[PDB]
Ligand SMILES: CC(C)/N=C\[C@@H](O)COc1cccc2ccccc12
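Have a look below at one chain only, the form solved without the named molecule, in structure tokens format.
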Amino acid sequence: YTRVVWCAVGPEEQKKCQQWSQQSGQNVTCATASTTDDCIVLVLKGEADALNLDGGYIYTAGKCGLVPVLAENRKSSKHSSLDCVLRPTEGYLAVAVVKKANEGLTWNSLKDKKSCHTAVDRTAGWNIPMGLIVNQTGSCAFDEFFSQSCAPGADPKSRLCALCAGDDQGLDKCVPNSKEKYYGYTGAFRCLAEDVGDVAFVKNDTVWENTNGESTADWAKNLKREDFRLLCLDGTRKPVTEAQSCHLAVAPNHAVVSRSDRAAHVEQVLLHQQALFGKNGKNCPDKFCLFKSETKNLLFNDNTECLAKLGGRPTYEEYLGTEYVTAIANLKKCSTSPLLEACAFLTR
């Protein structure tokens, strides 16, 4: 079985993956599920092989035995010309973000406001913010800390899904895939933009990429960096350029995961795949660009140069950073989920 079956979360991702299968002559094939958690289960069953994952999902899969194959990697300023696949990863910034126009809203007045989150269990969208809010307030009731949210993946009869828009017909509110208008990085930021929420937790890179003519997408052509601000943990606010000084935390980059018995096959298949279709591969754009989704972030984030190598053969823990595994761990004392419970024994 040479083919690497890839896991597409949601129908929009499934289409780009169907495309990739066709271009790759079945070097890659598609399986899908509605959610990432579901996909992780296919990867476990052996029904799929691999998929690229936010660091928080990496911890879920990590727990269930899956391991990290190659990290997503983006442009760089520091050391900005060693080869992409061997150049170390620099992480990204998880930020709290607001309309500038609104005032009196700051980290310390967040309680009882309205939130937009990438989706539940994700790193910047969720794990970091809710992480801190737990440590600070000192209670496990983050489900009630904000007045309402969009938090795809949460309980959809609950308040954390109260603000989610669903798709075009409004079907499937709160399903944590790209058919939910406010899903993921761009979803969240848009939930901010349309004033459905007060704060939105995202990465620095997400505001720059959807303001000031960078997206030519109806919801975001006219958006202006000026109209937004970043809450720091100071109590303070700064514009988006000071993100380095105004960020909640540093996050580990998305990364591909698979089963260990499938890691090397997958890593190799992918390295060739990116050479074919990656940022500067033979066939991109003449044929297929693996890293472009028109700002919809499918399979991969659109600002990925290449998938890069990892020091040794790490585990979720080496890969994520021991500092983060604890932040996630401690947040997770305040809530259970099917997959961590079902897999808890593997890692005891």
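Numbering starts at 1 and runs along the sequence shown.
The same protein also exists as the form deposited with the named molecule bound; that form is not shown, yet it is the one meant from here on.
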Checklist entry - Tell me which of 193-201, 83-91, 143-151, 159-167 has residues with heavy atoms within 4.5 angstroms of the named molecule in the deposited bound form? => result 83-91
Next on the checklist: Going by heavy atom distances of 4.5 angstroms or less, which of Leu310, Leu44, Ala33, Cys289 would be at the interface with the named molecule in the deposited bound form?
Outcome noted: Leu310
Item to check | Non-hydrogen atom contact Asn253 with the named molecule in the deposited bound form at 4.5 angstroms | outcome: yes
Next on the checklist: Test of understanding: in the deposited bound form, would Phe300 fall inside 4.5 Å of the named molecule by heavy atoms?
Outcome noted: no
Checklist entry - Heavy atoms within 4.5 Å of the named molecule in the deposited bound form: does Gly281 have any? => result no
Checklist entry - Is there a heavy atom of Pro314 lying 4.5 Å or less from a heavy atom of the named molecule in the deposited bound form? => result yes
